[PDB]
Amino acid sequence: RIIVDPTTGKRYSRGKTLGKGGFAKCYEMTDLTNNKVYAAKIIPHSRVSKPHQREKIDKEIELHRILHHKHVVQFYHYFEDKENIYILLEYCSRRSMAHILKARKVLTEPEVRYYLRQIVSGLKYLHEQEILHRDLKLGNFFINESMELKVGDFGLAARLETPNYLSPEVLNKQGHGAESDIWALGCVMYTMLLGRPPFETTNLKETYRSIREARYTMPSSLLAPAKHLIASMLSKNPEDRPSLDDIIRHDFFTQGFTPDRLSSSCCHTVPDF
């Protein structure tokens, strides 16, 4: 199946099905210029009828376009034909962290700070570009062949003024800031090390009081530096939370081995030491 760009020329070849978004259908797409495979969202016009989703797809593109960073999924090109919206994105062959953590359950400390270093790197560029992610989760940390991490899915992204990790300040109807991303970051780290989030992720009104409030159990299994860092990122009030610069300079990062580079065997098997 060859896909021609009606505006510009211009030929692409679609390969294997990668999965679903949602709500989009995803495929491999080789730019024939060029000769290179991309992970691509193929969004038919048939699901984007309401003048409500059309704006949300347009926004994601608008925001993702101008992002250029080694730990941010690279936007390549978008176009559309008769059928379908085409968003061509950086191919990450090892899928995501949600995948690897399903196989592993829990990660070792050197692995955790290997992934977090890359996340904070990507999120920092994001936050300097005045853009907020608003949907940080393991499923949105894409991993390439070289075991490198890219932050992806700017579907919920917006610039400064339903997600996995609701912050207390968002639940106090004060909207989403940069510190609300740092909230998600602590949840991410907690899950990497323990394999269950610190709070319920149902987004139901019953877990709201639980996340005001920031009441959660800190397991004994966690080492002190890991414990002290998580507690900081998950502080009740947003102002008490550490800066992104503060996070990567914490004792958790300065003490301990740490790669790069990780072997991909770490996707399924637990690494030596």
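The term rigid core refers to the maximal set of C-alpha atoms that superpose within 1.5 Å between the two forms. Start at 1 with the first residue shown and count on from there.
- In a rigid core superposition of the other structures in 4 other deposited structures of this protein, 10-18 and 255-263 differ in how far their CA atoms stray, and the farther one is 255-263.
- The higher RMS C-alpha distance to the shown form in 4 other deposited structures of this protein, out of 22-30 and 200-208, belongs to 22-30, with every structure fitted on the core.
- In this crystal structure, the stretch out of 9-17 and 254-262 whose C-alpha atoms carry the higher mean B factor is 254-262.
- Legend: mean Cα B-factor per stretch from the PDB entry, 199-207 versus 141-149; the higher mean is in 199-207.
- The PDB entry gives the largest Cα B-factor of the residues 108, 121, 129, 74 to 129.
- When the C-alpha B factors of 93, 167, 84, 191 are read from the deposited coordinates, the top value falls at 84.
- Annotation for residue 103: CA B-factor lies in the middle third of the chain's modelled residues.
- Sort the chain's modelled residues by C-alpha temperature factor and residue 235 lands in the middle third, per the entry.
- For residue 117, the recorded CA B-factor ranks within the lowest third of the chain. Only modelled residues enter the ranking.
- Ranked by C-alpha B-factor against the other modelled residues of its chain, residue 186 falls in the lowest third.
- Residue-level temperature factors show residue 179 in the middle third of its chain, judged at the C-alpha atom.
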